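Q: Here you go, work-v4.txt (compact mmCIF, C-alpha atoms and all ligand atoms):
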```txt
# COMPACT_ATOMS: atom_id res chain seq x y z
CA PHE D 1 58.63 129.41 7.10
CA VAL D 2 56.81 130.15 3.80
CA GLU D 3 56.00 133.40 5.68
CA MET D 4 59.73 134.33 5.76
CA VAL D 5 60.83 133.39 2.21
CA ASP D 6 61.95 136.29 -0.01
CA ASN D 7 61.94 138.76 2.89
CA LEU D 8 65.27 140.34 1.92
CA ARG D 9 65.90 143.07 -0.65
CA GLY D 10 68.76 145.29 -1.61
CA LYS D 11 70.83 146.71 -4.40
CA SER D 12 74.06 145.26 -5.75
CA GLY D 13 76.96 146.21 -3.44
CA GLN D 14 74.52 147.89 -1.02
CA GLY D 15 73.83 145.00 1.45
CA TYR D 16 70.65 143.00 2.20
CA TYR D 17 67.94 144.60 4.29
CA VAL D 18 64.82 143.29 5.97
CA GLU D 19 61.65 145.17 6.92
CA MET D 20 61.23 145.65 10.67
CA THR D 21 59.03 147.76 12.95
CA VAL D 22 59.95 149.73 16.04
CA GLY D 23 57.72 151.41 18.66
CA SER D 24 53.96 151.59 19.19
CA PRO D 25 52.28 152.14 16.96
CA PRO D 26 54.80 150.19 14.77
CA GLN D 27 57.19 152.30 12.63
CA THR D 28 58.46 150.47 9.51
CA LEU D 29 62.18 150.66 8.66
CA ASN D 30 64.42 148.79 6.23
CA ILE D 31 67.22 147.33 8.30
CA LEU D 32 70.43 145.93 6.93
CA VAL D 33 71.21 142.31 7.87
CA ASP D 34 74.78 142.02 9.18
CA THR D 35 76.30 138.87 10.65
CA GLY D 36 79.51 140.96 11.19
CA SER D 37 78.33 143.34 13.94
CA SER D 38 76.12 143.14 17.02
CA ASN D 39 74.37 146.53 17.34
CA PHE D 40 70.82 147.35 16.37
CA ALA D 41 71.15 150.96 15.18
CA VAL D 42 68.72 153.13 13.24
CA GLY D 43 68.50 156.65 11.83
CA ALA D 44 66.63 158.86 14.31
CA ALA D 45 67.28 162.18 12.55
CA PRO D 46 66.28 163.49 9.07
CA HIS D 47 69.65 162.91 7.38
CA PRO D 48 69.25 163.87 3.67
CA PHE D 49 69.96 160.37 2.29
CA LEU D 50 67.30 158.67 4.40
CA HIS D 51 63.83 157.74 3.17
CA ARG D 52 62.59 157.51 6.75
CA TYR D 53 63.86 157.37 10.35
CA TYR D 54 62.98 156.44 13.93
CA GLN D 55 60.83 159.02 15.65
CA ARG D 56 61.03 158.20 19.34
CA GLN D 57 58.57 160.96 20.22
CA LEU D 58 55.89 158.90 18.45
CA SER D 59 56.36 155.77 20.58
CA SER D 60 54.54 155.01 23.84
CA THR D 61 56.83 151.98 24.54
CA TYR D 62 60.12 153.89 24.10
CA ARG D 63 62.38 153.92 27.16
CA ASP D 64 65.52 156.09 27.24
CA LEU D 65 68.67 154.56 28.69
CA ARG D 66 70.34 157.99 29.08
CA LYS D 67 73.57 156.62 27.65
CA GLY D 68 75.47 157.41 24.46
CA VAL D 69 77.30 155.14 22.02
CA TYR D 70 80.18 155.87 19.60
CA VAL D 71 81.14 153.48 16.81
CA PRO D 72 84.02 154.38 14.52
CA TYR D 73 85.22 152.41 11.54
CA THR D 74 88.15 152.55 9.06
CA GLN D 75 86.51 155.49 7.32
CA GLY D 76 83.67 157.30 9.16
CA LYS D 77 81.48 156.61 12.20
CA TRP D 78 78.01 156.58 13.77
CA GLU D 79 76.99 158.12 17.10
CA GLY D 80 73.75 157.56 19.01
CA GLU D 81 71.58 157.57 22.13
CA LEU D 82 70.77 154.19 23.72
CA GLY D 83 67.25 152.98 24.46
CA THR D 84 64.77 150.11 24.18
CA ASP D 85 61.38 149.63 22.53
CA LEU D 86 59.02 147.05 21.02
CA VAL D 87 60.53 145.46 17.91
CA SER D 88 59.03 142.95 15.50
CA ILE D 89 59.76 141.59 12.02
CA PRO D 90 56.66 141.67 9.77
CA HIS D 91 57.88 138.84 7.51
CA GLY D 92 59.53 136.95 10.39
CA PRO D 93 58.26 134.93 13.37
CA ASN D 94 54.94 136.08 14.74
CA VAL D 95 56.25 137.85 17.84
CA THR D 96 57.29 141.25 19.26
CA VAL D 97 60.16 141.80 21.64
CA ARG D 98 61.81 144.57 23.61
CA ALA D 99 65.39 145.05 22.48
CA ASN D 100 68.14 147.62 22.77
CA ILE D 101 68.17 150.28 20.02
CA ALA D 102 70.90 152.79 19.29
CA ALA D 103 69.17 155.87 17.89
CA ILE D 104 71.63 157.36 15.40
CA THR D 105 71.82 161.13 15.77
CA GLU D 106 75.14 161.72 13.99
CA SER D 107 76.96 159.70 11.37
CA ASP D 108 79.66 160.07 8.81
CA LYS D 109 80.21 157.73 5.83
CA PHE D 110 77.63 155.33 7.25
CA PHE D 111 74.48 155.96 5.21
CA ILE D 112 74.62 155.32 1.47
CA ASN D 113 73.12 158.03 -0.75
CA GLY D 114 70.42 156.40 -2.87
CA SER D 115 70.13 153.29 -0.70
CA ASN D 116 66.75 152.22 0.62
CA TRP D 117 67.81 151.19 4.18
CA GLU D 118 67.82 153.20 7.43
CA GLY D 119 69.58 151.05 9.95
CA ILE D 120 71.54 147.92 10.70
CA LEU D 121 70.78 144.70 12.58
CA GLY D 122 73.89 143.25 14.19
CA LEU D 123 73.51 139.46 14.41
CA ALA D 124 76.96 138.62 15.78
CA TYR D 125 77.78 138.22 19.46
CA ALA D 126 77.76 140.52 22.50
CA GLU D 127 81.57 140.33 22.60
CA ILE D 128 81.77 143.01 19.82
CA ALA D 129 78.68 145.06 20.70
CA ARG D 130 79.54 148.71 21.36
CA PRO D 131 80.13 150.34 23.75
CA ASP D 132 80.71 147.04 25.61
CA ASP D 133 79.45 143.42 25.87
CA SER D 134 76.59 144.39 28.22
CA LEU D 135 74.44 145.64 25.40
CA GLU D 136 72.40 142.56 24.62
CA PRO D 137 72.27 142.11 20.79
CA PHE D 138 68.86 141.89 19.21
CA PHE D 139 68.95 138.10 18.58
CA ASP D 140 70.03 137.30 22.13
CA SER D 141 66.93 139.28 23.30
CA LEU D 142 64.56 137.52 20.91
CA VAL D 143 65.65 134.03 22.09
CA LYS D 144 65.27 134.99 25.78
CA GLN D 145 61.83 136.59 25.57
CA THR D 146 60.24 134.02 23.23
CA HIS D 147 60.21 130.32 22.23
CA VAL D 148 62.00 131.12 18.93
CA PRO D 149 64.86 128.59 18.67
CA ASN D 150 68.45 129.90 18.87
CA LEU D 151 69.24 129.79 15.14
CA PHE D 152 68.75 131.60 11.85
CA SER D 153 69.64 130.94 8.25
CA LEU D 154 70.47 133.06 5.21
CA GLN D 155 69.86 132.44 1.54
CA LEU D 156 71.33 135.47 -0.29
CA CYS D 157 70.28 135.29 -3.95
CA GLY D 158 71.95 138.16 -5.86
CA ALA D 159 70.83 146.28 -9.94
CA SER D 160 68.37 144.48 -7.65
CA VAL D 161 69.07 141.68 -5.12
CA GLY D 162 66.77 139.41 -3.13
CA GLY D 163 67.07 136.75 -0.46
CA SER D 164 65.63 134.96 2.56
CA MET D 165 66.34 135.12 6.27
CA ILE D 166 64.61 132.30 8.08
CA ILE D 167 64.53 133.17 11.78
CA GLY D 168 64.25 130.24 14.15
CA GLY D 169 64.64 127.42 11.65
CA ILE D 170 65.65 125.91 8.35
CA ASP D 171 63.69 125.69 5.06
CA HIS D 172 64.69 122.62 3.07
CA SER D 173 63.50 124.04 -0.24
CA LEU D 174 66.18 126.73 0.03
CA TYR D 175 69.01 124.23 -0.49
CA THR D 176 70.00 121.03 -2.24
CA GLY D 177 72.05 118.06 -1.08
CA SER D 178 73.16 118.07 2.50
CA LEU D 179 74.20 120.52 5.19
CA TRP D 180 77.79 120.36 6.47
CA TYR D 181 78.69 122.14 9.66
CA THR D 182 81.96 123.78 10.64
CA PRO D 183 82.28 124.85 14.28
CA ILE D 184 82.13 128.43 15.60
CA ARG D 185 85.61 128.77 16.99
CA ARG D 186 84.43 131.51 19.43
CA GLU D 187 81.23 133.45 20.04
CA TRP D 188 82.26 136.97 19.01
CA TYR D 189 82.19 137.21 15.22
CA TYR D 190 80.99 134.11 13.41
CA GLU D 191 84.52 132.77 13.35
CA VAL D 192 85.44 129.57 11.49
CA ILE D 193 88.67 127.74 10.59
CA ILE D 194 89.74 127.26 6.95
CA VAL D 195 92.15 124.33 6.55
CA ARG D 196 92.69 124.19 2.76
CA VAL D 197 92.24 126.26 -0.39
CA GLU D 198 92.18 124.68 -3.87
CA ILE D 199 91.68 126.08 -7.39
CA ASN D 200 90.29 123.90 -10.19
CA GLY D 201 91.18 121.12 -7.70
CA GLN D 202 94.78 122.17 -7.02
CA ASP D 203 96.14 122.99 -3.61
CA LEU D 204 97.42 126.53 -2.97
CA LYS D 205 100.12 124.83 -0.94
CA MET D 206 100.29 127.14 2.07
CA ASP D 207 100.43 126.76 5.84
CA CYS D 208 96.74 126.60 6.83
CA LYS D 209 97.50 129.10 9.65
CA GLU D 210 97.79 131.70 6.84
CA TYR D 211 94.18 131.22 5.70
CA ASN D 212 92.94 132.10 9.15
CA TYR D 213 95.31 134.91 10.13
CA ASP D 214 94.27 136.67 12.16
CA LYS D 215 90.76 135.24 11.90
CA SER D 216 88.27 133.98 9.39
CA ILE D 217 84.61 135.03 9.51
CA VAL D 218 81.17 134.69 7.99
CA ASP D 219 79.86 138.13 7.23
CA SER D 220 76.68 139.05 5.39
CA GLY D 221 77.80 142.67 5.83
CA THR D 222 80.72 142.39 3.37
CA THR D 223 80.40 142.05 -0.41
CA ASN D 224 83.66 140.37 -1.40
CA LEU D 225 85.40 137.17 -0.60
CA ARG D 226 88.27 138.89 1.20
CA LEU D 227 91.44 136.82 1.63
CA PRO D 228 94.49 137.97 3.62
CA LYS D 229 97.53 139.50 1.84
CA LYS D 230 99.70 136.38 1.36
CA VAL D 231 96.73 134.19 0.39
CA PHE D 232 95.46 136.84 -2.07
CA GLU D 233 98.85 137.10 -3.89
CA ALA D 234 98.87 133.30 -4.39
CA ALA D 235 95.19 133.08 -5.38
CA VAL D 236 95.27 135.74 -8.13
CA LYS D 237 98.50 134.19 -9.46
CA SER D 238 96.48 131.01 -10.12
CA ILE D 239 93.26 132.42 -11.56
CA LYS D 240 95.31 134.56 -13.98
CA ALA D 241 97.21 131.39 -14.87
CA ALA D 242 93.98 129.43 -15.53
CA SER D 243 92.75 132.27 -17.74
CA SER D 244 95.84 133.00 -19.88
CA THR D 245 93.68 132.58 -23.00
CA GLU D 246 92.68 136.22 -22.53
CA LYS D 247 94.74 138.90 -20.73
CA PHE D 248 93.38 141.61 -18.43
CA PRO D 249 94.52 145.11 -17.28
CA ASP D 250 96.79 144.47 -14.27
CA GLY D 251 94.55 146.81 -12.23
CA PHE D 252 91.30 144.81 -12.75
CA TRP D 253 92.62 142.16 -10.36
CA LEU D 254 92.23 144.98 -7.82
CA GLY D 255 88.57 145.79 -8.67
CA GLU D 256 89.61 149.13 -10.19
CA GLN D 257 88.53 148.20 -13.71
CA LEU D 258 85.79 146.00 -15.13
CA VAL D 259 86.01 143.71 -18.16
CA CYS D 260 83.16 143.34 -20.68
CA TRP D 261 81.85 140.86 -23.24
CA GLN D 262 79.15 140.71 -25.90
CA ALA D 263 75.75 138.95 -25.47
CA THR D 264 81.51 135.61 -21.51
CA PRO D 265 83.82 132.55 -21.43
CA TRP D 266 82.90 130.82 -18.15
CA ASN D 267 85.07 127.68 -18.59
CA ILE D 268 88.21 129.93 -18.65
CA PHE D 269 87.73 130.59 -14.93
CA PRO D 270 88.59 128.17 -12.12
CA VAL D 271 86.37 126.95 -9.31
CA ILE D 272 87.66 127.87 -5.85
CA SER D 273 87.39 125.43 -2.95
CA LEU D 274 87.72 126.18 0.74
CA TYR D 275 87.96 123.27 3.14
CA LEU D 276 86.47 124.02 6.54
CA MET D 277 87.11 122.20 9.79
CA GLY D 278 84.33 119.65 10.38
CA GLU D 279 82.20 118.41 13.27
CA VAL D 280 84.45 115.43 13.91
CA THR D 281 88.13 115.07 14.91
CA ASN D 282 90.36 114.97 11.79
CA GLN D 283 87.30 115.50 9.56
CA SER D 284 86.72 118.28 7.08
CA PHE D 285 84.38 119.27 4.24
CA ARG D 286 84.77 121.71 1.37
CA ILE D 287 82.71 124.42 -0.23
CA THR D 288 83.24 125.13 -3.91
CA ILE D 289 82.38 128.39 -5.76
CA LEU D 290 81.77 128.92 -9.52
CA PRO D 291 83.26 132.00 -11.25
CA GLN D 292 79.80 133.56 -11.45
CA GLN D 293 80.24 134.06 -7.68
CA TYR D 294 83.49 136.06 -7.75
CA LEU D 295 82.64 137.78 -11.06
CA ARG D 296 79.63 140.00 -10.32
CA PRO D 297 77.64 141.96 -12.96
CA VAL D 298 77.54 145.79 -13.21
CA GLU D 299 75.46 147.98 -15.62
CA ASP D 300 78.00 142.10 -20.25
CA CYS D 301 80.45 143.60 -17.75
CA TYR D 302 81.91 142.31 -14.44
CA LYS D 303 83.77 143.37 -11.29
CA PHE D 304 86.51 141.12 -9.82
CA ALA D 305 85.08 140.38 -6.38
CA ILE D 306 88.03 138.86 -4.49
CA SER D 307 89.93 141.39 -2.40
CA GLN D 308 93.15 141.93 -0.55
CA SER D 309 92.29 141.91 3.16
CA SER D 310 94.40 142.62 6.21
CA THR D 311 92.03 141.82 9.08
CA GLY D 312 91.61 138.15 7.97
CA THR D 313 89.40 135.98 5.77
CA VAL D 314 85.88 137.31 5.33
CA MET D 315 83.36 135.10 3.62
CA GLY D 316 81.03 137.80 2.40
CA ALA D 317 78.24 137.94 -0.13
CA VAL D 318 80.48 136.33 -2.75
CA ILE D 319 80.78 133.14 -0.71
CA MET D 320 77.40 133.33 0.97
CA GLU D 321 75.52 133.93 -2.29
CA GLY D 322 76.19 130.38 -3.53
CA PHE D 323 75.20 128.69 -0.30
CA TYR D 324 72.41 128.34 2.23
CA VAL D 325 74.14 129.27 5.46
CA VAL D 326 72.84 128.09 8.82
CA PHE D 327 73.92 129.98 11.92
CA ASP D 328 73.30 127.24 14.43
CA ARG D 329 73.89 129.36 17.51
CA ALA D 330 72.26 126.67 19.71
CA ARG D 331 75.01 124.19 18.86
CA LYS D 332 77.96 126.59 18.24
CA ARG D 333 78.23 125.55 14.57
CA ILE D 334 77.77 126.98 11.09
CA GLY D 335 76.12 124.96 8.28
CA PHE D 336 76.69 125.20 4.53
CA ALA D 337 74.55 123.72 1.77
CA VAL D 338 74.28 124.31 -2.00
CA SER D 339 71.81 127.13 -2.50
CA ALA D 340 68.74 126.50 -4.67
CA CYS D 341 69.08 130.08 -6.05
CA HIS D 342 72.71 130.28 -7.21
CA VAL D 343 73.57 130.82 -10.91
CA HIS D 344 74.68 127.60 -12.67
CA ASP D 345 75.89 126.90 -16.22
CA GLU D 346 75.68 123.81 -18.47
CA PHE D 347 78.60 121.74 -17.11
CA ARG D 348 79.49 122.65 -13.49
CA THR D 349 77.84 123.71 -10.14
CA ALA D 350 78.82 124.97 -6.68
CA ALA D 351 79.27 122.19 -4.14
CA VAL D 352 79.39 121.22 -0.49
CA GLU D 353 81.32 117.97 -0.13
CA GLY D 354 82.76 115.58 2.42
CA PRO D 355 84.07 114.02 4.36
CA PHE D 356 87.81 114.63 4.03
CA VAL D 357 90.59 113.75 6.38
CA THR D 358 92.70 116.61 7.67
CA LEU D 359 95.23 116.28 10.43
CA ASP D 360 96.26 119.02 12.86
CA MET D 361 93.36 121.39 12.14
CA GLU D 362 93.78 123.23 15.49
CA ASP D 363 97.13 124.50 14.23
CA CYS D 364 95.18 126.53 11.62
CA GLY D 365 93.86 129.22 13.98
CA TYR D 366 95.76 132.16 15.50
CA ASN D 367 96.34 132.80 19.24
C1 LIG D 401 80.69 151.68 7.49
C2 LIG D 401 80.60 152.08 8.97
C3 LIG D 401 80.76 153.43 9.25
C4 LIG D 401 80.68 153.88 10.56
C5 LIG D 401 80.46 152.99 11.60
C6 LIG D 401 80.30 151.63 11.33
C7 LIG D 401 80.38 151.16 10.02
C8 LIG D 401 80.22 149.78 9.86
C9 LIG D 401 79.00 149.21 10.22
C10 LIG D 401 78.78 147.84 10.11
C11 LIG D 401 79.80 147.03 9.63
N1 LIG D 401 79.57 145.72 9.52
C12 LIG D 401 80.49 144.86 9.08
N2 LIG D 401 80.15 143.57 9.02
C13 LIG D 401 81.77 145.32 8.69
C14 LIG D 401 82.89 144.40 8.18
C15 LIG D 401 83.60 143.70 9.35
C16 LIG D 401 83.75 144.59 10.58
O1 LIG D 401 84.79 145.20 10.78
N3 LIG D 401 82.70 144.59 11.40
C17 LIG D 401 82.45 145.40 12.62
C18 LIG D 401 82.85 144.76 13.93
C19 LIG D 401 81.95 145.42 14.98
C20 LIG D 401 82.20 146.95 15.07
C21 LIG D 401 82.28 147.65 13.72
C22 LIG D 401 83.03 146.82 12.64
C23 LIG D 401 82.04 146.71 8.79
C24 LIG D 401 81.05 147.57 9.28
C25 LIG D 401 81.26 148.96 9.40
```
Taking this structure as input, can you express it in the form of structure tokens?
Ligand SMILES: Cc1ccccc1-c1ccc2nc(N)c(CCC(=O)NC3CCCCC3)cc2c1

A:
Amino acid sequence: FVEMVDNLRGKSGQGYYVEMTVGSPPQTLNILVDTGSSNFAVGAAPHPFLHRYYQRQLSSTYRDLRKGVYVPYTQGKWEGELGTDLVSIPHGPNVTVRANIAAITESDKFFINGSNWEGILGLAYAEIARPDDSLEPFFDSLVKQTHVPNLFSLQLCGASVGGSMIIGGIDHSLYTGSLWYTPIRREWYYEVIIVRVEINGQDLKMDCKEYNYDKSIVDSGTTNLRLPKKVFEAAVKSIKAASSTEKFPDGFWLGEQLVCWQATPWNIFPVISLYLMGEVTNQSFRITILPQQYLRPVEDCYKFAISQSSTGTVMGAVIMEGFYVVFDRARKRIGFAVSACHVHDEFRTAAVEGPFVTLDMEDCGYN
């Protein structure tokens, strides 16, 4: 796994991408790592923002599937032609597989101008693959056609970001302390149940069903910790309270404006804790984030990285960047451990702790 360490790059706010190759001879593309979709899609036309793109005409192992795909989103969309070809990951396991590839021939508000990536690797489940669940996601394919075990892990390290994606195992030097696993409520997104939220060790005092409405997910494809509406009201109310010492433009708590400091009063900001449903009946654990997780640097200035959401809780790069996250697909469970590469300070750290006793955890999901 020393092979796979530090195999992720990116730029702040612009996702984490991994080098891959497609076709024979191999064509190298930077592909964005996304645990919140399930399509493998790449630029196949010379869009102006792209450094490079998939040239099917160059590939002896390309097979057309004579079948289009449309994928719209809030703003924008991408459109492609479906096909398969030989795919490998240079700094991954030492194999090559045939997987589905959507060749993007038309997009709109998909590619980022100035970014250094050219496609997306959907690592979530077939249930949200477009056009429908019959398009076997890349990871499914890899596990079938090789002896690579059904799991991966992500250490996202935080204008230039880095990280590690360990495919097919765990690297114990990427985390400290112990791994705690919450279960994957259903194999579509990486869906989890959150059963408590504290701040500096103080309950937010809400029905737990409100933390997970209409779902909670683990998503390397999102930047912010995104909480739902109700939860977000209550959570800002309490961070503002803990940091009365200084006051801030009542728009900044919406990411609109960024606050600056010379040469930054860390102790003024609370730790957040999420309790997640555990492996055992009535048992939970909690993950704790420092302010240096939800206050991210720009270019000493900082963006407020917790957002109003309306499609549920999303534990994005803000959460994930403090922890080593294990996507134990084999045993329908997600693992969290304190990352070796998260930013500390003198007096406090991020933490993964348990066990705790929590009754009626089922009643936290939506139906
Ligand atoms: C920017 C965009 C422009 C046009 C076409 C798609 C996208 C796009 C691409 C990848 C994404 N990945 C993510 N993780 C998220 C956040 C959560 C989410 O809604 N995920 C997806 C579920 C599967 C189907 C698409 C949405 C959003 C994404 C949006």

Q: Got a sec: who's within 8 Å of residue 174 (chain D), counting all atoms listed in the file, leaving out chain neighbours fewer than 6 positions off, as an MDAnalysis selection string?

A: chainID D and resid 155 324 339:341

Q: In Å, with one decimal, what is the gap from CA of residue 272 (chain D) to CA of residue 33 (chain D)?

A: 25.8 Å

Q: Show me which residues are within 7 Å of ligand LIG 401 (chain D) counting all atoms listed in the file, and format the list as number ranges by chain.

A: D: 34-38, 71-73, 75-78, 107-110, 128-129, 219-222

Q: Neighbours of residue 361 (chain D) within 7 Å (only C-alpha atoms; same-chain residues fewer than 3 positions away dropped), as a VMD selection string?

A: chain D and resid 195 277 358 364

Q: Skip residue 225 (chain D) itself and residues of its chain fewer than 4 positions away, then list as an MDAnalysis selection string all residues within 7 Å of it, counting all atoms listed in the file.

A: chainID D and resid 305:307 314:316 318:319

Q: Please write out, as JSON, where the centre of an axis-aligned box around all listed atoms of region 351-357 of chain D lies and how long its edges are, in Å to one decimal, after adding 8 Å on each side.

A:
```
{"center_x": 84.9, "center_y": 118.0, "center_z": 1.1, "size_x": 27.3, "size_y": 24.4, "size_z": 26.5}
```

Q: Between D:224, D:96, D:310, D:153, which has the minimum distance to residue 14 (chain D) (counting all atoms listed in the file)?

A: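 When distances to residue 14 (chain D) are compared using all atoms listed in the file, the smallest one comes from D:224.
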